[PDB]
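What you see below is based on every heavy atom in this structure, not just the backbone, and it leaves out hydrogens, waters and symmetry mates. Below, chain A is the first sequence line, B the second, and so on; all start at residue 1.
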Amino acid sequence: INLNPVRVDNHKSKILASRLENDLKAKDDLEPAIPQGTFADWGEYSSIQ
Amino acid sequence: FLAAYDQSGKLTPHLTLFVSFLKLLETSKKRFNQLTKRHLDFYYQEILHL
């Protein structure tokens with residue numbers, strides 16, 4: 001059977017181009033989360049009187 | 001002084017309240033001084049995820 005040069009190039013291109021997409025996505029997710037609290041003058045005191 | 005009157009039944013009432021209050025506070029000291037451990041564990045386990 002005879003193979004067309006144009007048809008093969010398209011398949012090869014798609015297979016490899018999809019690898020670039022993942023290398024790019026990898027550039028954003030570079031760090032873990034840290035739990036965050038609030039702030040509220042924990043030392044406030046009222047007289048027992 | 002504190003040893004001499006411990007369980008004697010002989011203190012004047014204004015000192016009886018003051019000393020009894022100070023003895024009750026020892027349970028607060030026990031809880032308060034555990035903060036240094038809670039702080040260390042937080043850093044190694046929740047900040048550094050180890």
Side-chain angles (χ1 to χ4, degrees):
Chain A
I1 295 170
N2 290 316
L3 283 159
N4 175 40
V6 193
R7 259 192 164 144
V8 174
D9 288 345
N10 287 343
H11 290 300
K12 181 177 176 180
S13 185
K14 292 179 182 175
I15 292 166
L16 297 173
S18 74
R19 294 179 180 185
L20 294 168
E21 290 184 345
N22 287 337
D23 288 346
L24 290 173
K25 291 178 179 175
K27 291 190 177 188
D28 304 295
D29 185 21
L30 302 179
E31 53 183 7
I34 305 169
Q36 299 181 3
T38 190
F39 181 85
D41 195 17
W42 309 114
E44 188 182 3
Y45 174 77
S46 298
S47 172
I48 66 172
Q49 294 177 44
Chain B
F1 166 82
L2 289 170
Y5 286 90
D6 186 64
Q7 305 175 62
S8 71
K10 295 181 181 179
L11 288 179
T12 80
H14 74 279
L15 296 178
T16 300
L17 277 179
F18 189 74
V19 171
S20 175
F21 167 73
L22 294 180
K23 286 183 180 181
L24 288 172
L25 291 175
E26 301 182 319
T27 69
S28 296
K29 185 178 166 198
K30 180 178 179 180
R31 184 179 299 276
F32 194 100
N33 281 333
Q34 293 174 64
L35 287 169
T36 45
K37 181 172 178 179
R38 290 170 64 194
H39 185 78
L40 175 62
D41 288 346
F42 174 77
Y43 176 60
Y44 284 176
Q45 290 180 329
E46 298 184 27
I47 302 302
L48 301 178
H49 302 283
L50 306 173

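For the pair A/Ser13 (side chain) and A/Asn10 (backbone), a donor-acceptor distance under 3.5 Å is absent.
Grouping the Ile, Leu, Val, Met, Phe, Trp and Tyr side chains by contacts below 4.5 angstrom, directly or via other members, places B/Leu48 with B/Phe42. Criterion: ILVMFWY side-chain heavy atoms under 4.5 Å apart, direct or through other members. Under it, B/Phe21 and B/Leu15 are not part of a common hydrophobic cluster.
Heavy-atom neighbours of A/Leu30 CG from other residues, nucleotides or ligands within 6.0 Å: above the threshold of 12. Around CZ of A/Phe39, the count of heavy atoms belonging to other residues, nucleotides or ligands within 6.0 Å does not exceed 12. Around atom OH of B/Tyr5, no more than 12 heavy atoms belonging to other residues, nucleotides or ligands sit under 6.0 Å away.
Between the CD1 atom in A/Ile34 and the NE2 atom in B/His49 there is a gap of 7.0 Å [rounded to 0.5 Å]. Here the NZ atom belonging to B/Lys30 is positioned 11.5 Å from the CG atom belonging to B/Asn33, to the nearest 0.5 angstrom. A/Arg7 CZ to A/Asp9 CG: the interatomic distance, rounded to the nearest 0.5 Å, is 13.0 Å. In this structure, NZ in B/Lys23 is found 7.5 Å from CG in B/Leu2, a value given to the nearest 0.5 Å. With rounding to the nearest 0.5 angstrom, the CD1 atom of B/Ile47 is 12.5 Å from the CG atom of B/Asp41.
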Problem set entry | side-chain contact (heavy atoms from CB on, under 4.5 Å) assessment of B/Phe18 paired with B/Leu11 | CA-CA 11 Å; B/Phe18 189 74; B/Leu11 288 179; over 6 Å; no
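Note on residues 21-41 of chain A: no pairs pass side-chain hydrogen bond (donor to acceptor under 3.5 Å, both in side chains), not counting sequence neighbours.
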